[PDB]
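These notes concern the structure reproduced below.
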Amino acid sequence: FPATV
Amino acid sequence: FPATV
Amino acid sequence: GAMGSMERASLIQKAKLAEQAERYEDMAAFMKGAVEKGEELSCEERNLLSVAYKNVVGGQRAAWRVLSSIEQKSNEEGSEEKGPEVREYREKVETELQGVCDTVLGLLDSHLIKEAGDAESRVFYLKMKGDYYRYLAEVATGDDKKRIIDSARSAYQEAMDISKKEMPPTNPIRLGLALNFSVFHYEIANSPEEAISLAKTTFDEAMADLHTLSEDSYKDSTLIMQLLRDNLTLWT
Amino acid sequence: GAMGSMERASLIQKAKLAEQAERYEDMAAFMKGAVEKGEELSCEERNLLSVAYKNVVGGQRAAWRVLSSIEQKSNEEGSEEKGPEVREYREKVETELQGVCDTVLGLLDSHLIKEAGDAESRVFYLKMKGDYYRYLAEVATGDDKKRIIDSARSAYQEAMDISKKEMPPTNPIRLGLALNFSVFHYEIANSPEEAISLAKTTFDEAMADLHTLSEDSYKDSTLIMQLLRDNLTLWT
Ligand SMILES: *CC(=O)NCC1CCN(C(=O)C2(Oc3ccc(Cl)cc3)CCCCC2)CC1
Ligand SMILES: *CC(=O)NCC1CCN(C(=O)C2(Oc3ccc(Cl)cc3)CCCCC2)CC1
Ligand SMILES: [Mg+2]
Ligand SMILES: [Mg+2]
Ligand SMILES: [Mg+2]
Ligand SMILES: [Mg+2]
Ligand SMILES: [Mg+2]
Ligand SMILES: [Mg+2]
């Protein structure tokens, strides 16, 4: 899964 | 803390 | 609301305690109470709100993905029929997730966004709006999936427009917004090229402005830049 | 009860799904429903019950310890007065923890223990009884602390007596019971010598019986033996 903040 | 199961 | 009798300051104090105890459901409930006092939130308080709900929904999303994978496997050729339980339990988790999203969206709509005039607050809340519509989109399969996706897109786009006009390219909120909108494009909108372009342009424009920053600001901006790079590496 | 309408088998199925999703509150609620169907539990089902509640209460205990440490610090000389919030929130977590313990004890009393005739089931449930009274003891400070401690001791002792008569010294339930009763002695009963003696004797008697075991049984027994050794290393 890609990075989110 | 000591081990418990 | 169960928090109606508690002082605003006490709710904020307890949210911080809950964070230290990794009690994120409690943290979120305290912050919901604090928002419902009706006053605007400070930066620190906005962060408490976001951290609480990010952690609650993050756990729900992870559980939903486990259950959805089991369910998909159950519907493959040669899979033995095991009854409605997997679907039921995935639906239970899904419904609880949708509830949390609806709660957050509700706080934003009543009345955090409309009272937020400074760019930093407004962009922060609009990013949240995009994020929680994105989580709704992740689980949407019906007649409203398109409208949910568009709601996320619209919130992100308003936030991007304000951020580009009002904030430097290294601002952590601007960077995090772009990171997340890029993921929206890749994972939700079936637009990997747009995702990659946004991440690259955001990274490069931030790089060019790092020279203006103090050591402490540099730390934060570079951390998010690395997340952009990490996604780009994943996608290329 | 909210699980009254769900089939026993479906509750068990969903408990297993909840475990895979790391949804331990759900897992516990499903297993409570399953117990309340009124039938005895199989070994696998007893394990689901114990795992669910161990994880729920384990998280509560960790949170309680964080909050108790903050509270203790607040009551040191030179600490600035911050109002009742720390105590209130510690009390909230504590009350929820006590509730979970009371729920488990309630299931054991109505009617798991009384229907458990085989040594393996009876010892398993009596160990649980000791464990959940031990968790109540950890947070007890009032007129009943002594009686809570004695309740834990009595449950553990009955389990030890049955286990010594009916189970080999390598049996994992017997070993885990002894491990936990030893921790009770050290942490709750202010009896570190008894704790150390029990752990050592349990370890040595298990060592002597390993030769009787298959590879798979050996694996389980040796894992718990290592926990005994780990405690002994901590304590000596
Ligand atoms: C009130 C306010 O300005 N809040 C935003 C800051 C931004 C920095 N930050 C972080 O925790 C990290 O970055 C973001 C977090 C959340 C958002 Cl919306 C954007 C950025 C977390 C990732 C690594 C850099 C720091 C504290 C809250
Ligand atoms: C129905 C039944 O026989 N349950 C007991 C087993 C024992 C082995 N085990 C474990 O998960 C480990 O050991 C224990 C867990 C729980 C208890 Cl009460 C005793 C031992 C966990 C620790 C390392 C060895 C295996 C499965 C359940
Ligand atoms: Mg007030
Ligand atoms: Mg649904
Ligand atoms: Mg553009
Ligand atoms: Mg039936
Ligand atoms: Mg109390
Ligand atoms: Mg003895």
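Within each chain, counting starts at residue 1; across the structure tokens, chains are named A, B, ... in the order shown, with ligands numbered 1 upward in that order.
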Pick out the residues no farther than 9 Å from ligand 8, counting only C-alpha atoms and all ligand atoms, and list them as a CSV table (one decimal) with N, CA and C atoms, in the first residue's frame.
```
chain,number,residue,atom,x,y,z
D,157,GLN,N,-4.7,-22.5,42.9
D,157,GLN,CA,-4.3,-23.7,43.7
D,157,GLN,C,-5.1,-24.9,43.3
D,160,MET,N,-3.7,-26.2,40.2
D,160,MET,CA,-2.4,-26.8,40.4
D,160,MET,C,-2.7,-28.2,41.0
D,161,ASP,N,-3.6,-28.3,41.9
D,161,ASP,CA,-3.8,-29.6,42.5
D,161,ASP,C,-4.3,-30.7,41.5
D,194,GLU,N,8.7,-18.0,46.6
D,194,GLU,CA,7.7,-19.0,46.2
D,194,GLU,C,7.6,-19.0,44.6
D,197,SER,N,10.8,-20.7,43.3
D,197,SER,CA,10.8,-22.1,43.6
D,197,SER,C,9.9,-22.8,42.6
D,198,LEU,N,8.7,-22.2,42.5
D,198,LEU,CA,7.7,-22.8,41.6
D,198,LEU,C,8.2,-22.9,40.1
```
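Neighbouring residues of residue 61 of chain D at 12 Å or closer, counting only C-alpha atoms and skipping chain neighbours under 6 positions away, are residues 1 of chain B; 21, 22 and 23 of chain C; 53, 54, 55, 67, 68, 90, 93, 94, 95, 96, 97, 98, 100, 101, 132, 134, 135, 136, 137, 138 and 139 of chain D.
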Find the residues near ligand 3. Use a cut-off of 8 Å, count only C-alpha atoms and all ligand atoms, and write them as a PDB file with C-alpha atoms, in the first residue's frame.
```pdb
ATOM      1  CA  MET C   6     -17.069  17.785  30.196  1.00  0.00           C
ATOM      2  CA  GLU C   7     -15.041  20.986  29.892  1.00  0.00           C
ATOM      3  CA  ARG C   8     -13.420  21.623  26.521  1.00  0.00           C
ATOM      4  CA  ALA C   9      -9.989  21.868  28.160  1.00  0.00           C
TER       5      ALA C   9
END
```
Could you list, as a count of residues only, the residues of chain C having an atom within 10 Å of chain D when counting only C-alpha atoms?
32
Smallest atom-to-atom distance to ligand 2: which of D:174, D:153, D:87, D:164, using only C-alpha atoms and all ligand atoms?
D:174
Given 6 Å and only C-alpha atoms and all ligand atoms, residues near ligand 1 as a tab-separated table (two decimals) with N, CA, C and O atoms, in the first residue's frame:
```
chain	number	residue	atom	x	y	z
A	5	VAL	N	-0.51	10.47	4.70
A	5	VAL	CA	-0.34	11.07	5.99
A	5	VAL	C	-1.58	11.72	6.49
A	5	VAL	O	-2.56	11.91	5.77
C	43	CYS	N	-4.06	24.72	15.93
C	43	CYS	CA	-3.29	23.75	15.18
C	43	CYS	C	-3.07	22.44	15.95
C	43	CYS	O	-3.27	21.35	15.43
C	44	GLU	N	-2.64	22.55	17.21
C	44	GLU	CA	-2.39	21.37	18.03
C	44	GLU	C	-3.68	20.55	18.12
C	44	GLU	O	-3.66	19.32	18.10
C	46	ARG	N	-6.31	20.50	16.06
C	46	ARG	CA	-6.60	19.89	14.75
C	46	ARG	C	-5.78	18.61	14.60
C	46	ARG	O	-6.28	17.62	14.09
C	47	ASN	N	-4.53	18.64	15.05
C	47	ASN	CA	-3.68	17.45	14.97
C	47	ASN	C	-4.18	16.32	15.84
C	47	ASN	O	-4.16	15.16	15.45
C	124	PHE	N	-6.24	22.12	5.83
C	124	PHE	CA	-6.18	20.95	6.69
C	124	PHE	C	-7.52	20.20	6.70
C	124	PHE	O	-7.61	18.99	6.56
C	172	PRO	N	4.23	21.52	5.16
C	172	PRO	CA	3.90	20.13	5.37
C	172	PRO	C	2.44	19.78	5.06
C	172	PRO	O	2.19	18.66	4.64
C	173	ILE	N	1.52	20.72	5.29
C	173	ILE	CA	0.13	20.44	4.98
C	173	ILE	C	-0.03	20.33	3.47
C	173	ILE	O	-0.67	19.43	2.95
C	176	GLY	N	1.55	17.02	2.39
C	176	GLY	CA	0.75	15.86	2.75
C	176	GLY	C	-0.53	15.75	1.96
C	176	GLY	O	-0.95	14.65	1.57
C	220	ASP	N	10.76	18.37	8.69
C	220	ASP	CA	9.41	17.97	8.39
C	220	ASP	C	9.15	17.87	6.90
C	220	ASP	O	8.56	16.91	6.42
C	223	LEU	N	10.88	14.80	5.37
C	223	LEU	CA	10.23	13.54	5.68
C	223	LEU	C	9.10	13.24	4.69
C	223	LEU	O	8.96	12.12	4.20
C	224	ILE	N	8.27	14.24	4.40
C	224	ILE	CA	7.15	13.99	3.50
C	224	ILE	C	7.66	13.84	2.09
C	224	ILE	O	7.10	13.10	1.29
```
Counting only C-alpha atoms and all ligand atoms, which protein, DNA or RNA residues come within 12 Å of ligand 2, given as a ChimeraX atom specification?
/B:3-5 /D:41-52,54,118-131,156,159,167,170-181,216-228
